[PDB]
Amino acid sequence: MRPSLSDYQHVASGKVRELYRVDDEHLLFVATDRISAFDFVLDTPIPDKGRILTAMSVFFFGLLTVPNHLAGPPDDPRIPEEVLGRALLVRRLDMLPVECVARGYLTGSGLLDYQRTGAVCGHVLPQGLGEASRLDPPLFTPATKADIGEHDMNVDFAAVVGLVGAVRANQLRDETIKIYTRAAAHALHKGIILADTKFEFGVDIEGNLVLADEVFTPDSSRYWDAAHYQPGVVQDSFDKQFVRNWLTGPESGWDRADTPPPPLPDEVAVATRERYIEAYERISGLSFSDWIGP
(Lines of atoms letter the chains of each structure in order from A and count residues from 1; the text may use other names and numbers.)
(Lines give C-alpha, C1' and ligand atoms only; values in the text may rest on other atoms or scores of the structure.)
Protein backbone atom coordinates (compact mmCIF):
# COMPACT_ATOMS: atom_id res chain seq x y z
CA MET A 1 0.00 0.00 0.00
CA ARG A 2 1.39 3.37 -1.07
CA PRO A 3 1.02 6.27 1.36
CA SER A 4 -1.33 9.15 0.67
CA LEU A 5 0.21 12.46 -0.36
CA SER A 6 -1.62 13.87 2.67
CA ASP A 7 0.73 11.83 4.89
CA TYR A 8 3.59 14.13 3.88
CA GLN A 9 4.22 17.80 4.74
CA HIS A 10 4.13 20.31 1.89
CA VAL A 11 7.24 22.47 2.20
CA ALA A 12 7.48 24.32 -1.11
CA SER A 13 5.59 25.18 -4.28
CA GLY A 14 6.84 26.44 -7.62
CA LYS A 15 4.84 27.43 -10.71
CA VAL A 16 4.50 23.84 -11.95
CA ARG A 17 6.24 21.81 -9.22
CA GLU A 18 5.77 20.88 -5.57
CA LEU A 19 7.99 19.67 -2.74
CA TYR A 20 7.05 17.53 0.27
CA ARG A 21 8.86 16.27 3.38
CA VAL A 22 8.91 12.48 3.67
CA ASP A 23 11.19 12.16 6.69
CA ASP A 24 14.16 13.99 8.22
CA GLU A 25 16.48 13.03 5.35
CA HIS A 26 14.14 12.64 2.35
CA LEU A 27 11.81 14.74 0.23
CA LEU A 28 9.22 14.03 -2.47
CA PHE A 29 9.78 16.06 -5.62
CA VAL A 30 6.49 16.41 -7.54
CA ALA A 31 5.99 17.61 -11.12
CA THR A 32 2.48 18.80 -12.02
CA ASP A 33 0.67 18.97 -15.37
CA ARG A 34 0.58 22.77 -15.23
CA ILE A 35 2.31 24.77 -18.00
CA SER A 36 3.67 28.32 -18.03
CA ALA A 37 3.73 30.69 -20.99
CA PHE A 38 4.61 34.40 -20.98
CA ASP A 39 5.24 34.06 -17.22
CA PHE A 40 1.64 33.01 -16.63
CA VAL A 41 0.65 29.62 -15.30
CA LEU A 42 -2.10 28.75 -17.77
CA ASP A 43 -5.59 27.64 -16.76
CA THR A 44 -5.35 24.50 -18.87
CA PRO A 45 -3.11 21.62 -17.80
CA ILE A 46 -1.23 19.47 -20.31
CA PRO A 47 -2.15 15.82 -19.86
CA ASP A 48 0.80 13.62 -18.74
CA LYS A 49 3.20 16.58 -18.74
CA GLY A 50 4.34 15.89 -15.17
CA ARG A 51 5.02 12.24 -15.94
CA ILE A 52 6.80 13.00 -19.22
CA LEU A 53 9.07 15.59 -17.63
CA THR A 54 9.84 13.29 -14.71
CA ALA A 55 10.75 10.52 -17.17
CA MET A 56 13.02 13.01 -18.97
CA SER A 57 14.78 14.05 -15.80
CA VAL A 58 15.32 10.42 -14.74
CA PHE A 59 16.83 9.65 -18.14
CA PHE A 60 19.25 12.58 -17.98
CA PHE A 61 20.29 11.80 -14.36
CA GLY A 62 21.19 8.32 -15.64
CA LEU A 63 23.16 9.71 -18.57
CA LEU A 64 25.24 11.98 -16.34
CA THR A 65 27.95 10.54 -14.08
CA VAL A 66 27.66 13.21 -11.37
CA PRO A 67 26.16 12.59 -7.92
CA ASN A 68 22.48 13.46 -7.80
CA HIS A 69 19.76 13.63 -5.19
CA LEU A 70 17.72 10.65 -6.34
CA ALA A 71 17.08 8.41 -3.35
CA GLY A 72 14.98 5.64 -4.84
CA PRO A 73 13.46 4.16 -8.03
CA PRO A 74 10.53 5.79 -9.92
CA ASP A 75 8.21 3.21 -8.32
CA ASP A 76 9.58 3.55 -4.76
CA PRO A 77 6.81 2.47 -2.35
CA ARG A 78 7.04 5.80 -0.52
CA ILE A 79 5.60 7.46 -3.64
CA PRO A 80 1.80 7.95 -3.44
CA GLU A 81 -0.34 6.40 -6.18
CA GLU A 82 -1.73 9.84 -7.04
CA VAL A 83 1.67 11.14 -8.16
CA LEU A 84 3.14 7.87 -9.46
CA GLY A 85 5.26 8.62 -12.50
CA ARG A 86 5.54 12.36 -11.80
CA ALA A 87 7.18 12.23 -8.37
CA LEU A 88 10.65 11.29 -7.13
CA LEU A 89 12.02 10.39 -3.72
CA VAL A 90 15.15 12.47 -3.15
CA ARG A 91 17.82 13.02 -0.46
CA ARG A 92 17.55 16.22 1.56
CA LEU A 93 20.49 18.53 0.84
CA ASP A 94 21.73 21.90 1.97
CA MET A 95 20.87 23.83 -1.19
CA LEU A 96 23.30 26.39 -2.62
CA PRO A 97 21.70 29.83 -3.31
CA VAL A 98 22.73 29.95 -6.98
CA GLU A 99 20.75 29.32 -10.15
CA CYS A 100 23.41 27.53 -12.23
CA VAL A 101 22.76 28.33 -15.89
CA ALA A 102 24.70 27.28 -18.95
CA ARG A 103 24.02 28.80 -22.35
CA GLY A 104 25.18 27.22 -25.57
CA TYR A 105 23.24 29.83 -27.54
CA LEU A 106 22.48 33.52 -27.04
CA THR A 107 18.80 34.21 -26.33
CA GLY A 108 16.48 35.50 -23.61
CA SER A 109 18.05 37.58 -20.86
CA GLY A 110 21.52 36.53 -21.99
CA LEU A 111 20.93 38.09 -25.37
CA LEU A 112 19.35 41.15 -23.76
CA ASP A 113 22.26 41.68 -21.39
CA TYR A 114 24.64 41.37 -24.34
CA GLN A 115 22.65 43.85 -26.43
CA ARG A 116 22.65 46.30 -23.55
CA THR A 117 26.26 45.98 -22.37
CA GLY A 118 28.25 43.69 -24.67
CA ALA A 119 28.63 41.25 -21.80
CA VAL A 120 26.66 38.50 -20.08
CA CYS A 121 27.29 37.59 -16.43
CA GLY A 122 30.81 38.97 -16.58
CA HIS A 123 31.64 37.46 -19.97
CA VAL A 124 32.68 40.06 -22.53
CA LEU A 125 31.62 38.57 -25.86
CA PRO A 126 32.69 39.08 -29.47
CA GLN A 127 30.91 41.86 -31.34
CA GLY A 128 28.38 40.91 -33.99
CA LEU A 129 26.31 38.28 -32.18
CA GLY A 130 22.55 38.20 -32.18
CA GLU A 131 19.41 36.17 -31.56
CA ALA A 132 20.17 32.43 -31.25
CA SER A 133 23.87 32.88 -32.02
CA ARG A 134 25.95 29.84 -31.12
CA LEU A 135 28.21 30.40 -28.11
CA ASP A 136 31.47 28.46 -28.09
CA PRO A 137 32.47 27.53 -25.51
CA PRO A 138 29.15 27.43 -23.59
CA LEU A 139 28.85 30.19 -20.97
CA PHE A 140 28.25 29.85 -17.25
CA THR A 141 25.63 32.57 -16.71
CA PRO A 142 24.56 32.31 -13.04
CA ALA A 143 21.48 33.95 -11.60
CA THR A 144 19.83 34.56 -8.23
CA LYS A 145 16.16 34.26 -7.34
CA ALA A 146 14.25 37.48 -6.68
CA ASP A 147 10.72 38.21 -5.44
CA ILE A 148 7.69 36.02 -6.26
CA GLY A 149 6.70 37.69 -9.53
CA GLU A 150 10.19 38.81 -10.51
CA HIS A 151 12.59 37.22 -12.99
CA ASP A 152 15.86 35.78 -11.70
CA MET A 153 18.64 38.39 -11.79
CA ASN A 154 21.75 37.59 -13.79
CA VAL A 155 24.98 37.89 -11.84
CA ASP A 156 28.67 37.43 -12.52
CA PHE A 157 31.21 34.92 -11.26
CA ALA A 158 32.34 37.23 -8.44
CA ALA A 159 28.76 37.26 -7.18
CA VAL A 160 28.80 33.48 -7.14
CA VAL A 161 32.07 33.49 -5.18
CA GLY A 162 30.41 35.80 -2.67
CA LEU A 163 27.50 33.38 -2.31
CA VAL A 164 29.22 30.00 -1.91
CA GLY A 165 32.99 30.44 -1.64
CA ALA A 166 35.81 30.79 -4.16
CA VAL A 167 36.60 27.09 -4.55
CA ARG A 168 32.92 26.08 -4.56
CA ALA A 169 32.15 28.72 -7.19
CA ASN A 170 34.84 27.20 -9.42
CA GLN A 171 33.29 23.79 -8.87
CA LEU A 172 29.76 24.98 -9.72
CA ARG A 173 31.06 26.64 -12.89
CA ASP A 174 33.03 23.65 -14.08
CA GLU A 175 30.35 21.07 -13.30
CA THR A 176 27.57 23.19 -14.85
CA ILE A 177 29.45 23.51 -18.11
CA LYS A 178 30.55 19.85 -18.15
CA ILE A 179 27.03 18.53 -17.50
CA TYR A 180 25.45 20.89 -20.04
CA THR A 181 28.05 20.00 -22.68
CA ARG A 182 27.41 16.26 -22.27
CA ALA A 183 23.62 16.53 -22.38
CA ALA A 184 23.58 19.05 -25.24
CA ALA A 185 25.77 16.84 -27.42
CA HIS A 186 23.53 13.83 -26.70
CA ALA A 187 20.35 15.72 -27.51
CA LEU A 188 21.74 17.23 -30.71
CA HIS A 189 22.73 13.77 -31.86
CA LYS A 190 19.00 13.01 -31.62
CA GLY A 191 17.89 16.16 -33.45
CA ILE A 192 17.18 18.46 -30.53
CA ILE A 193 19.16 21.49 -29.47
CA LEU A 194 19.31 22.19 -25.75
CA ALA A 195 19.97 25.90 -26.08
CA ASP A 196 20.50 26.50 -22.38
CA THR A 197 19.69 24.94 -19.03
CA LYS A 198 19.20 25.77 -15.33
CA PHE A 199 20.36 23.60 -12.38
CA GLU A 200 20.37 23.93 -8.66
CA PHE A 201 22.92 22.07 -6.57
CA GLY A 202 23.07 21.14 -2.93
CA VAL A 203 25.66 19.82 -0.52
CA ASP A 204 25.44 16.54 1.42
CA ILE A 205 26.72 15.76 4.92
CA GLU A 206 30.25 15.03 3.71
CA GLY A 207 30.46 18.29 1.77
CA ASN A 208 29.97 16.66 -1.64
CA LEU A 209 28.29 18.60 -4.46
CA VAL A 210 25.01 16.98 -5.56
CA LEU A 211 22.82 17.81 -8.55
CA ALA A 212 19.34 18.45 -7.15
CA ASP A 213 16.37 19.72 -9.07
CA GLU A 214 14.83 18.56 -12.30
CA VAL A 215 17.40 18.26 -15.02
CA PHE A 216 17.12 19.06 -18.71
CA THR A 217 13.35 19.31 -18.93
CA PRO A 218 11.75 21.67 -21.44
CA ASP A 219 10.82 23.84 -18.44
CA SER A 220 14.43 24.03 -17.16
CA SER A 221 15.93 24.20 -20.63
CA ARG A 222 15.09 25.67 -24.04
CA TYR A 223 14.38 22.78 -26.41
CA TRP A 224 14.73 23.62 -30.11
CA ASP A 225 14.31 21.52 -33.24
CA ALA A 226 17.81 21.24 -34.67
CA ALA A 227 16.44 20.69 -38.18
CA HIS A 228 15.07 24.23 -38.16
CA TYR A 229 17.87 25.96 -36.33
CA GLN A 230 18.37 29.33 -38.05
CA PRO A 231 20.63 31.88 -36.33
CA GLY A 232 19.37 35.47 -36.40
CA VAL A 233 15.69 34.80 -35.68
CA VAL A 234 13.75 33.62 -32.64
CA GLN A 235 13.66 29.82 -32.53
CA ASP A 236 10.35 28.04 -31.99
CA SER A 237 9.89 26.39 -28.60
CA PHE A 238 9.90 22.68 -29.36
CA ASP A 239 7.24 22.07 -26.72
CA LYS A 240 5.39 25.37 -26.25
CA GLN A 241 5.10 26.99 -29.69
CA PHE A 242 1.52 25.80 -30.32
CA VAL A 243 0.50 27.28 -26.98
CA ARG A 244 2.35 30.51 -27.73
CA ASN A 245 0.94 30.88 -31.24
CA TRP A 246 -2.65 30.32 -30.21
CA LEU A 247 -2.52 32.64 -27.19
CA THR A 248 -1.17 35.44 -29.38
CA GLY A 249 -3.23 34.50 -32.44
CA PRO A 250 -6.60 35.76 -33.76
CA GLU A 251 -8.68 33.17 -31.88
CA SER A 252 -7.70 33.78 -28.25
CA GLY A 253 -9.17 37.24 -27.82
CA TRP A 254 -6.19 37.98 -25.59
CA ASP A 255 -3.77 40.89 -25.71
CA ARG A 256 -0.39 39.81 -24.31
CA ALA A 257 0.39 43.45 -23.58
CA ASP A 258 -0.40 41.34 -18.18
CA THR A 259 -4.03 40.22 -18.26
CA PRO A 260 -4.29 36.55 -17.25
CA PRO A 261 -4.54 34.53 -20.48
CA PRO A 262 -7.65 32.50 -21.37
CA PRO A 263 -7.87 28.68 -21.23
CA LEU A 264 -6.37 26.72 -24.09
CA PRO A 265 -8.28 24.75 -26.68
CA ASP A 266 -8.32 21.04 -25.79
CA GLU A 267 -6.73 20.41 -29.21
CA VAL A 268 -3.78 22.65 -28.32
CA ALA A 269 -3.24 20.83 -25.01
CA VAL A 270 -3.31 17.43 -26.75
CA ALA A 271 -0.92 18.57 -29.47
CA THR A 272 1.40 19.86 -26.76
CA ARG A 273 1.35 16.54 -24.91
CA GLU A 274 2.41 14.96 -28.20
CA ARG A 275 5.40 17.29 -28.48
CA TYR A 276 6.59 16.37 -24.98
CA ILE A 277 6.32 12.67 -25.85
CA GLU A 278 8.17 13.20 -29.12
CA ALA A 279 10.98 15.05 -27.35
CA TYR A 280 11.26 12.42 -24.61
CA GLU A 281 11.27 9.42 -26.93
CA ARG A 282 13.79 10.91 -29.33
CA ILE A 283 16.23 11.90 -26.59
CA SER A 284 15.87 8.84 -24.37
CA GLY A 285 15.43 6.20 -27.08
CA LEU A 286 12.71 4.82 -24.80
CA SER A 287 8.93 4.58 -25.12
CA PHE A 288 6.80 6.75 -22.87
CA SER A 289 4.20 3.97 -22.93
CA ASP A 290 6.60 2.07 -20.65
CA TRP A 291 6.81 4.85 -18.08
CA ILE A 292 5.06 4.19 -14.79
CA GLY A 293 1.78 5.88 -13.89
CA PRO A 294 -1.33 5.51 -11.70
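Sequential numbering from 1, following the sequence displayed.
In the PDB record, does 199 to 207 or 154 to 162 carry the higher mean Cα temperature factor? Comparing 199 to 207 with 154 to 162, the higher mean C-alpha B-factor belongs to 199 to 207.
Average Cα temperature factor in the PDB entry - higher stretch of 113 to 121, 139 to 147: Taking the mean C-alpha B-factor of 139 to 147 and of 113 to 121, the larger value falls to 139 to 147.
Go through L19, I277, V270, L286 one by one and give the residue whose Cα B-factor in the PDB entry is largest. Within the set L19, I277, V270, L286, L286 shows the top C-alpha B-factor.
Identity of residue with top Cα B-factor, from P263, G50, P67, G232: The listed residue with the largest C-alpha B-factor is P263.
Quick check for you: using the entry's CA B-factors within this chain, is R86 in the lowest, middle or highest third? Middle third, going by the recorded CA B-factors of the chain.
For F40, the third of its chain into which the C-alpha B factor falls: Answer is highest: the recorded C-alpha B-factor places it there.
Where does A55 sit by CA temperature factor within its chain: lowest, middle or highest third? It falls in the middle third of the chain.
Could you place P218 in the lowest, middle or highest third of its chain by Cα temperature factor, using the values in the record? Lowest third, going by the recorded CA B-factors of the chain.
CA B-factor ranking of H228, expressed as a third of its chain: For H228, the deposited C-alpha B-factor lands in the lowest third.
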